[PDB]
Amino acid sequence: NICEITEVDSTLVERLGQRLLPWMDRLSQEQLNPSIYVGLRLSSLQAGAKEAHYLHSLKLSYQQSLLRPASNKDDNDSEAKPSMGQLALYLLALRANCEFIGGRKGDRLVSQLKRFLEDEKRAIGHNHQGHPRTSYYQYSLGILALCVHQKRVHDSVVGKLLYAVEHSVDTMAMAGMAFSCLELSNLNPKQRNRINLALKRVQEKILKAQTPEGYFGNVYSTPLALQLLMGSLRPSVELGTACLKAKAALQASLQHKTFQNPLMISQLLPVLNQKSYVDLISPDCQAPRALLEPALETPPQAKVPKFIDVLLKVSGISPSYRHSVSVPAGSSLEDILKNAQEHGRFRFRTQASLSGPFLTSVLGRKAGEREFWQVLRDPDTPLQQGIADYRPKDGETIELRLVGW
Ligand code: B12
Ligand SMILES: O=S([O-])[O-]
Ligand SMILES: [Cl-]
Ligand SMILES: [Cl-]
Ligand SMILES: [Cl-]
């Protein structure tokens, strides 16, 4: 296939995998990450049989938390649990171990995911003058996750996604993979034609989105886009060119340590192994993988490091707030934040996600329903990495801006 990453330096891939290895020891309820486990299982890499403990840890945790009694005694809360989109990835984790969801606990969970989608269908509503409470990315994730387990969704639910696509790149790709999955499964034959037409649309909007550099959307949407695109069934001359450009562009960033984020790597590894979430319909759990071994190194400089002087600014609320910090080069935005909070009038709050610390609140202002804290490098360039991964350059002005999407 033309859209498949054929050539990859084994030592590049080994490095990426090594970035995921430490997370296999990180088994707390907030650190457990179904997306990492899927990423590895579909990769050419193995992270010890630490993997088995991981999946087991997931299993126990996603069950204990989501299947809690009729009304829990005296709180209405005690412990944040997995989101429904996360549950969809848990379902993917299961397939990656060649398991179908089952038994009573597994039925209850499929139900939960089904109720999720229904509630989103209703939030959208009627004739689409409404937004999912989460997003169409999670909507598609949900349909996809049930599809790989041979579980059918109501035609009405699937319609909502189909309409959305018929009338970004990451959501295109996920919607695409859901569609691809439903076609290959023939789970909704009563709209078999409409789904096909939707994939052509999806493909189109992705290539349309390609940047001069070769990226579909940006470097980070690229892995997910390639996952959907290696599924072909429309192989063309424009599609071949696009994929060739996209692939070279992606390999180019791999020599620049561009991928640092565990979730991002977990979306990248399958691509480097000619695999996609759609391969979870029937996974090959017999296929060998190279064992990753602990690095155990990290070169001790004993140097005096460069410092960056960086300026932090908060906008989109009254009052705005600036802050001046000098920190070691390679410090992350998150380090700079923690520092500002520690040595200054700054404060902020993050909450866990599978991508890591999501910035939810700044200076006592929590983002609401359709608001979020955007992070940008001034002037008006939105960052492509989160607070923990983005390592500011010298002189930069970093803006935390409360926006209404
Ligand atoms: C939907 C979405 C959003 C929504 C999330 C709110 C919502 N509507 O639910 C919005 C639009 C707010 C958003 C914001 C941002 N996003 Co976003 N987002 C996505 C998308 C499409 C899906 C995420 C999702 O639903 N995951 C599924 C569920 C199961 O995962 P989850 O962990 O439970 O989901 C939560 C987190 O993903 C969190 N979140 C969303 N984006 C990001 C980014 C980072 C770095 C972190 C730590 C968390 C985070 O929002 C979800 C909770 O609702 C992904 C695409 C992808 N390829 O993964 C990008 C993606 C994760 N986002 C990304 C980026 C860059 C950002 C921002 C930093 C943008 C910016 N310049 O400010 C911010 C985060 C800022 C902050 N406050 O911390 C990148 C990450 C790249 C990387 N190297 O890690 C992705 C991959 C998109 C891309 N291709 O560039 N995002
Ligand atoms: O989808 S995220 O990049 O805002
Ligand atoms: Cl239930
Ligand atoms: Cl990254
Ligand atoms: Cl805060």
# chains A, B, ... in the order shown; residues from 1 in each chain; ligands from 1
>>> residues_near_ligand(ligand="ligand 4", cutoff="6 Å", atoms="only C-alpha atoms and all ligand atoms", output="list in words")
residues 258, 259, 260, 261, 385 and 389 of chain A
>>> residues_around(residues="region 246-251 of chain A", least_positions_apart="5", cutoff="7 Å", atoms="only C-alpha atoms", output="ChimeraX atom specification")
/A:5,213-216,219
>>> write_last_selection(atoms="N, CA, C and O atoms", output="compact mmCIF listing (two decimals), in the first residue's frame")
# COMPACT_ATOMS: atom_id res chain seq x y z
N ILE A 5 3.61 3.68 6.05
CA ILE A 5 5.00 3.91 6.40
C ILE A 5 5.76 2.60 6.24
O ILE A 5 5.62 1.66 7.04
N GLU A 213 4.19 21.91 4.26
CA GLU A 213 5.24 21.05 4.84
C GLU A 213 4.97 19.56 4.60
O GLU A 213 5.88 18.73 4.66
N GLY A 214 3.71 19.23 4.36
CA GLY A 214 3.30 17.87 4.09
C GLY A 214 2.33 17.33 5.12
O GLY A 214 1.70 16.30 4.89
N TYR A 215 2.18 18.03 6.25
CA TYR A 215 1.35 17.55 7.36
C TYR A 215 -0.12 17.61 7.03
O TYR A 215 -0.58 18.60 6.46
N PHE A 216 -0.87 16.57 7.40
CA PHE A 216 -2.32 16.67 7.38
C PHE A 216 -2.81 17.42 8.64
O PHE A 216 -2.89 16.83 9.73
N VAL A 219 1.65 18.31 12.33
CA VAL A 219 2.41 17.10 12.54
C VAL A 219 1.63 16.12 13.41
O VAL A 219 1.62 14.94 13.14
>>> residues_around(residues="region 132-137 of chain A", least_positions_apart="4", cutoff="9 Å", atoms="only C-alpha atoms", output="PyMOL selection string")
chain A and resi 85+119-124+141-142+161+164+168+170-175+369-370
>>> residues_near_ligand(ligand="ligand 3", cutoff="8 Å", atoms="only C-alpha atoms and all ligand atoms", output="PyMOL selection string")
chain A and resi 66-67+108-109+111-112
>>> closest_residue(among="A:230, A:400, A:242, A:237", to="residue 211 (chain A)", atoms="only C-alpha atoms")
A:242
>>> closest_residue(among="A:118, A:371, A:335, A:238", to="ligand 1", atoms="only C-alpha atoms and all ligand atoms")
A:371
>>> closest_residue(among="A:57, A:180, A:31, A:222", to="residue 351 (chain A)", atoms="only C-alpha atoms")
A:31
>>> select_by_dssp(residues="region 115-351 of chain A", states="alpha helix (DSSP H)", output="number ranges by chain")
A: 115-124, 136-147, 155-166, 169-185, 192-208, 221-229, 237-254, 262-272, 333-342
>>> residues_near_ligand(ligand="ligand 1", cutoff="6 Å", atoms="only C-alpha atoms and all ligand atoms", output="ChimeraX atom specification")
/A:85-86,134-135,137-138,170-171,220-221,261,264,353-360,372-376,382-386
>>> closest_residue(among="A:262, A:188, A:403, A:20", to="ligand 2", atoms="only C-alpha atoms and all ligand atoms")
A:403
>>> residues_near_ligand(ligand="ligand 5", cutoff="12 Å", atoms="only C-alpha atoms and all ligand atoms", output="compact mmCIF listing (two decimals) with N, CA, C and O atoms, in the first residue's frame")
# COMPACT_ATOMS: atom_id res chain seq x y z
N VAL A 314 -1.58 36.42 30.93
CA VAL A 314 -2.92 35.87 30.99
C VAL A 314 -3.93 36.87 30.43
O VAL A 314 -3.95 38.03 30.84
N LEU A 337 4.93 27.57 34.99
CA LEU A 337 3.70 27.82 35.74
C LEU A 337 3.85 27.54 37.23
O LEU A 337 3.63 28.42 38.05
N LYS A 338 4.23 26.31 37.57
CA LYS A 338 4.42 25.93 38.96
C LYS A 338 5.31 26.95 39.68
O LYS A 338 5.02 27.34 40.81
N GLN A 341 3.48 30.25 40.33
CA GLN A 341 2.57 30.05 41.44
C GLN A 341 3.32 30.06 42.78
O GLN A 341 2.82 30.56 43.79
N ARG A 345 2.25 35.86 42.44
CA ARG A 345 0.82 35.99 42.62
C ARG A 345 0.02 35.11 41.66
O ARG A 345 -1.22 35.20 41.56
N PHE A 346 0.72 34.23 40.95
CA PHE A 346 0.07 33.36 39.99
C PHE A 346 -0.56 32.17 40.71
O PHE A 346 -0.12 31.76 41.79
N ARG A 347 -1.64 31.67 40.11
CA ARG A 347 -2.19 30.37 40.45
C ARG A 347 -2.96 29.80 39.27
O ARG A 347 -3.44 30.53 38.41
N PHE A 348 -3.02 28.47 39.22
CA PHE A 348 -3.64 27.75 38.11
C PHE A 348 -3.99 26.33 38.57
O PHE A 348 -3.49 25.85 39.60
N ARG A 349 -4.86 25.66 37.82
CA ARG A 349 -5.25 24.29 38.14
C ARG A 349 -5.38 23.45 36.88
O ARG A 349 -5.93 23.89 35.87
N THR A 350 -4.84 22.24 36.92
CA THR A 350 -4.93 21.34 35.79
C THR A 350 -5.71 20.12 36.21
O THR A 350 -5.74 19.78 37.38
N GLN A 351 -6.34 19.44 35.28
CA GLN A 351 -6.83 18.13 35.63
C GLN A 351 -6.34 17.04 34.66
O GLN A 351 -6.09 17.30 33.48
N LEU A 359 -4.80 22.10 31.26
CA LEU A 359 -5.01 23.37 32.00
C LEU A 359 -6.47 23.77 32.05
O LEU A 359 -7.02 24.25 31.06
N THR A 360 -7.09 23.60 33.22
CA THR A 360 -8.52 23.90 33.41
C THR A 360 -8.86 25.27 34.00
O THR A 360 -9.92 25.81 33.69
N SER A 361 -7.99 25.81 34.86
CA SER A 361 -8.26 27.06 35.57
C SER A 361 -7.00 27.86 35.68
O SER A 361 -5.93 27.29 35.78
N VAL A 362 -7.15 29.20 35.65
CA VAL A 362 -6.03 30.17 35.77
C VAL A 362 -6.49 31.38 36.61
O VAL A 362 -7.52 31.98 36.35
N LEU A 363 -5.69 31.72 37.61
CA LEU A 363 -6.00 32.81 38.53
C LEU A 363 -7.43 32.79 39.03
O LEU A 363 -8.10 33.82 39.06
N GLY A 364 -7.88 31.61 39.43
CA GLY A 364 -9.22 31.44 39.98
C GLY A 364 -10.34 31.41 38.95
O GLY A 364 -11.50 31.27 39.34
N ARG A 365 -10.02 31.52 37.67
CA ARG A 365 -11.03 31.45 36.62
C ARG A 365 -11.03 30.09 35.94
O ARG A 365 -10.16 29.78 35.11
N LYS A 366 -12.01 29.26 36.30
CA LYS A 366 -12.20 27.95 35.68
C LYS A 366 -12.94 28.08 34.36
O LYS A 366 -13.91 28.85 34.25
N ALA A 367 -12.50 27.35 33.34
CA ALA A 367 -13.20 27.37 32.07
C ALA A 367 -14.53 26.60 32.17
O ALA A 367 -14.58 25.52 32.78
N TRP A 373 -9.01 27.13 28.11
CA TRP A 373 -7.79 27.91 28.22
C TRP A 373 -6.84 27.57 27.09
O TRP A 373 -6.27 26.49 27.05
>>> residues_around(residues="residue 282 (chain A)", least_positions_apart="4", cutoff="12 Å", atoms="only C-alpha atoms", output="NGL selection string")
:A and (42 or 92 or 94-100 or 147-150 or 181 or 184-185 or 275-278 or 286)
>>> closest_residue(among="A:300, A:159, A:34, A:217", to="ligand 2", atoms="only C-alpha atoms and all ligand atoms")
A:217
>>> closest_residue(among="A:1, A:196, A:35, A:332", to="residue 265 (chain A)", atoms="only C-alpha atoms")
A:35
>>> atom_distance(atom1="CA of residue 182 (chain A)", atom2="CA of residue 43 (chain A)")
23.6 Å
>>> residues_around(residues="residue 68 (chain A)", least_positions_apart="2", cutoff="12 Å", atoms="only C-alpha atoms", output="PyMOL selection string")
chain A and resi 61-66+70-73+76-81+105+108-109
>>> write_last_selection(atoms="C-alpha atoms", output="compact mmCIF listing (two decimals), in the first residue's frame")
# COMPACT_ATOMS: atom_id res chain seq x y z
CA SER A 61 -9.65 0.07 37.80
CA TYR A 62 -12.14 0.77 35.01
CA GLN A 63 -14.43 -1.83 36.57
CA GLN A 64 -14.14 -0.73 40.25
CA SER A 65 -14.78 2.90 39.29
CA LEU A 66 -17.51 2.73 36.67
CA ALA A 70 -26.82 2.31 43.36
CA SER A 71 -25.91 5.50 45.27
CA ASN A 72 -22.50 5.67 47.01
CA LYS A 73 -22.69 6.37 50.76
CA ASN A 76 -22.28 11.83 45.47
CA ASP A 77 -18.63 11.95 44.33
CA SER A 78 -15.79 10.28 46.32
CA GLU A 79 -13.29 9.75 43.44
CA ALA A 80 -13.24 10.98 39.85
CA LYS A 81 -13.64 8.05 37.46
CA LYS A 105 -19.56 -6.34 34.07
CA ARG A 108 -22.93 -2.91 31.99
CA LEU A 109 -19.91 -1.12 30.44
>>> residues_around(residues="residue 37 (chain A)", least_positions_apart="6", cutoff="9 Å", atoms="only C-alpha atoms", output="NGL selection string")
:A and (24 or 51 or 54-55 or 93 or 96 or 266)
>>> select_by_dssp(residues="region 22-263 of chain A", states="strand (DSSP E or B)", output="VMD selection string")
chain A and resid 45 to 46 210 216
>>> decode(residues="region 70-104 of chain A", atoms="N, CA, C and O atoms", output="mmCIF file, in the first residue's frame")
data_model
loop_
_atom_site.group_PDB
_atom_site.id
_atom_site.type_symbol
_atom_site.label_atom_id
_atom_site.label_comp_id
_atom_site.auth_asym_id
_atom_site.auth_seq_id
_atom_site.Cartn_x
_atom_site.Cartn_y
_atom_site.Cartn_z
ATOM 1 N N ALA A 70 -25.614 1.496 43.679
ATOM 2 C CA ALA A 70 -26.821 2.305 43.359
ATOM 3 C C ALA A 70 -26.735 3.823 43.650
ATOM 4 O O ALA A 70 -27.062 4.660 42.789
ATOM 5 N N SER A 71 -26.328 4.152 44.878
ATOM 6 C CA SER A 71 -25.914 5.504 45.266
ATOM 7 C C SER A 71 -24.855 5.362 46.365
ATOM 8 O O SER A 71 -25.144 4.830 47.446
ATOM 9 N N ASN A 72 -23.630 5.805 46.072
ATOM 10 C CA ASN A 72 -22.497 5.672 47.007
ATOM 11 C C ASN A 72 -22.680 6.482 48.296
ATOM 12 O O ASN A 72 -23.142 7.627 48.257
ATOM 13 N N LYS A 73 -22.304 5.877 49.426
ATOM 14 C CA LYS A 73 -22.694 6.371 50.756
ATOM 15 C C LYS A 73 -22.039 7.702 51.174
ATOM 16 O O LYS A 73 -20.825 7.761 51.417
ATOM 17 N N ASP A 74 -22.863 8.757 51.214
ATOM 18 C CA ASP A 74 -22.578 10.042 51.901
ATOM 19 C C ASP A 74 -21.761 11.133 51.148
ATOM 20 O O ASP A 74 -21.302 12.098 51.773
ATOM 21 N N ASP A 75 -21.604 11.008 49.826
ATOM 22 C CA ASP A 75 -20.831 12.012 49.057
ATOM 23 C C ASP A 75 -21.427 12.509 47.720
ATOM 24 O O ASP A 75 -21.442 13.720 47.467
ATOM 25 N N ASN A 76 -21.918 11.580 46.891
ATOM 26 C CA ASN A 76 -22.281 11.832 45.471
ATOM 27 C C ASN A 76 -21.078 12.060 44.536
ATOM 28 O O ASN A 76 -21.233 12.524 43.395
ATOM 29 N N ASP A 77 -19.891 11.704 45.031
ATOM 30 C CA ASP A 77 -18.633 11.953 44.333
ATOM 31 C C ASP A 77 -17.565 10.899 44.671
ATOM 32 O O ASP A 77 -17.257 10.044 43.834
ATOM 33 N N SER A 78 -17.047 10.957 45.907
ATOM 34 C CA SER A 78 -15.794 10.275 46.321
ATOM 35 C C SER A 78 -15.056 9.511 45.205
ATOM 36 O O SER A 78 -15.289 8.313 44.980
ATOM 37 N N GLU A 79 -14.191 10.252 44.504
ATOM 38 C CA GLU A 79 -13.295 9.753 43.443
ATOM 39 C C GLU A 79 -13.808 10.049 42.024
ATOM 40 O O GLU A 79 -14.907 9.627 41.633
ATOM 41 N N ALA A 80 -13.009 10.809 41.273
ATOM 42 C CA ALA A 80 -13.243 10.976 39.847
ATOM 43 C C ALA A 80 -12.951 9.624 39.192
ATOM 44 O O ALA A 80 -12.084 8.858 39.658
ATOM 45 N N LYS A 81 -13.697 9.334 38.129
ATOM 46 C CA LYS A 81 -13.642 8.046 37.460
ATOM 47 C C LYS A 81 -13.299 8.287 35.992
ATOM 48 O O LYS A 81 -13.203 9.442 35.576
ATOM 49 N N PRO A 82 -13.050 7.213 35.216
ATOM 50 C CA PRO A 82 -12.922 7.336 33.766
ATOM 51 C C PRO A 82 -14.130 7.959 33.058
ATOM 52 O O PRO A 82 -15.276 7.619 33.350
ATOM 53 N N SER A 83 -13.834 8.880 32.139
ATOM 54 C CA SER A 83 -14.816 9.504 31.256
ATOM 55 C C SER A 83 -15.353 8.446 30.308
ATOM 56 O O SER A 83 -14.863 7.316 30.310
ATOM 57 N N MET A 84 -16.348 8.789 29.496
ATOM 58 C CA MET A 84 -16.896 7.801 28.571
ATOM 59 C C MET A 84 -16.002 7.613 27.361
ATOM 60 O O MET A 84 -15.944 6.534 26.794
ATOM 61 N N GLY A 85 -15.287 8.659 26.970
ATOM 62 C CA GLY A 85 -14.355 8.550 25.854
ATOM 63 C C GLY A 85 -13.192 7.667 26.243
ATOM 64 O O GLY A 85 -12.650 6.930 25.418
ATOM 65 N N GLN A 86 -12.811 7.751 27.512
ATOM 66 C CA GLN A 86 -11.772 6.904 28.056
ATOM 67 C C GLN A 86 -12.195 5.439 28.062
ATOM 68 O O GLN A 86 -11.410 4.542 27.726
ATOM 69 N N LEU A 87 -13.454 5.214 28.417
ATOM 70 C CA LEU A 87 -14.037 3.893 28.388
ATOM 71 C C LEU A 87 -13.950 3.327 26.981
ATOM 72 O O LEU A 87 -13.604 2.155 26.807
ATOM 73 N N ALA A 88 -14.215 4.162 25.978
ATOM 74 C CA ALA A 88 -14.049 3.727 24.599
ATOM 75 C C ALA A 88 -12.620 3.280 24.341
ATOM 76 O O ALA A 88 -12.426 2.286 23.655
ATOM 77 N N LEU A 89 -11.619 3.979 24.889
ATOM 78 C CA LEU A 89 -10.236 3.506 24.697
ATOM 79 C C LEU A 89 -9.913 2.237 25.500
ATOM 80 O O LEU A 89 -9.167 1.359 25.034
ATOM 81 N N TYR A 90 -10.502 2.126 26.689
ATOM 82 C CA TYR A 90 -10.413 0.899 27.437
ATOM 83 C C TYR A 90 -10.886 -0.259 26.559
ATOM 84 O O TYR A 90 -10.217 -1.300 26.471
ATOM 85 N N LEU A 91 -12.029 -0.077 25.901
ATOM 86 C CA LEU A 91 -12.521 -1.091 24.966
ATOM 87 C C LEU A 91 -11.494 -1.432 23.888
ATOM 88 O O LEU A 91 -11.298 -2.614 23.571
ATOM 89 N N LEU A 92 -10.830 -0.412 23.341
ATOM 90 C CA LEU A 92 -9.760 -0.657 22.381
ATOM 91 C C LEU A 92 -8.632 -1.454 23.023
ATOM 92 O O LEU A 92 -8.181 -2.440 22.439
ATOM 93 N N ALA A 93 -8.222 -1.083 24.235
ATOM 94 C CA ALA A 93 -7.189 -1.846 24.956
ATOM 95 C C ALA A 93 -7.521 -3.320 25.020
ATOM 96 O O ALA A 93 -6.649 -4.157 24.809
ATOM 97 N N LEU A 94 -8.786 -3.640 25.279
ATOM 98 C CA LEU A 94 -9.212 -5.034 25.314
ATOM 99 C C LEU A 94 -8.969 -5.750 23.997
ATOM 100 O O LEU A 94 -8.464 -6.867 23.999
ATOM 101 N N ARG A 95 -9.323 -5.119 22.877
ATOM 102 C CA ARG A 95 -9.160 -5.773 21.573
ATOM 103 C C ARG A 95 -7.680 -6.003 21.277
ATOM 104 O O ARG A 95 -7.309 -7.011 20.672
ATOM 105 N N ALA A 96 -6.849 -5.064 21.728
ATOM 106 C CA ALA A 96 -5.416 -5.099 21.502
ATOM 107 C C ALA A 96 -4.782 -6.280 22.224
ATOM 108 O O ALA A 96 -3.643 -6.682 21.923
ATOM 109 N N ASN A 97 -5.523 -6.826 23.183
ATOM 110 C CA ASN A 97 -5.170 -8.099 23.799
ATOM 111 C C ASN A 97 -6.045 -9.242 23.275
ATOM 112 O O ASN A 97 -6.105 -10.316 23.875
ATOM 113 N N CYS A 98 -6.707 -9.005 22.144
ATOM 114 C CA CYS A 98 -7.513 -10.022 21.473
ATOM 115 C C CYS A 98 -8.643 -10.519 22.364
ATOM 116 O O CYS A 98 -8.940 -11.713 22.396
ATOM 117 N N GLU A 99 -9.269 -9.600 23.087
ATOM 118 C CA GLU A 99 -10.376 -9.938 23.950
ATOM 119 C C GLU A 99 -11.620 -9.240 23.466
ATOM 120 O O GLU A 99 -11.572 -8.065 23.101
ATOM 121 N N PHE A 100 -12.747 -9.948 23.479
ATOM 122 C CA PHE A 100 -14.046 -9.286 23.343
ATOM 123 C C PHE A 100 -14.569 -8.973 24.722
ATOM 124 O O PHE A 100 -14.392 -9.754 25.650
ATOM 125 N N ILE A 101 -15.208 -7.823 24.865
ATOM 126 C CA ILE A 101 -15.889 -7.509 26.109
ATOM 127 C C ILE A 101 -17.004 -8.543 26.369
ATOM 128 O O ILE A 101 -17.656 -9.026 25.436
ATOM 129 N N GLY A 102 -17.176 -8.926 27.630
ATOM 130 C CA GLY A 102 -18.159 -9.936 27.970
ATOM 131 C C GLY A 102 -18.542 -10.006 29.428
ATOM 132 O O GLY A 102 -18.067 -9.228 30.253
ATOM 133 N N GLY A 103 -19.408 -10.968 29.735
ATOM 134 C CA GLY A 103 -19.943 -11.122 31.074
ATOM 135 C C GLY A 103 -20.823 -9.952 31.456
ATOM 136 O O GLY A 103 -21.088 -9.049 30.628
ATOM 137 N N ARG A 104 -21.262 -9.967 32.716
ATOM 138 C CA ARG A 104 -22.181 -8.961 33.246
ATOM 139 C C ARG A 104 -21.538 -7.601 33.371
ATOM 140 O O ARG A 104 -22.142 -6.608 32.991
#
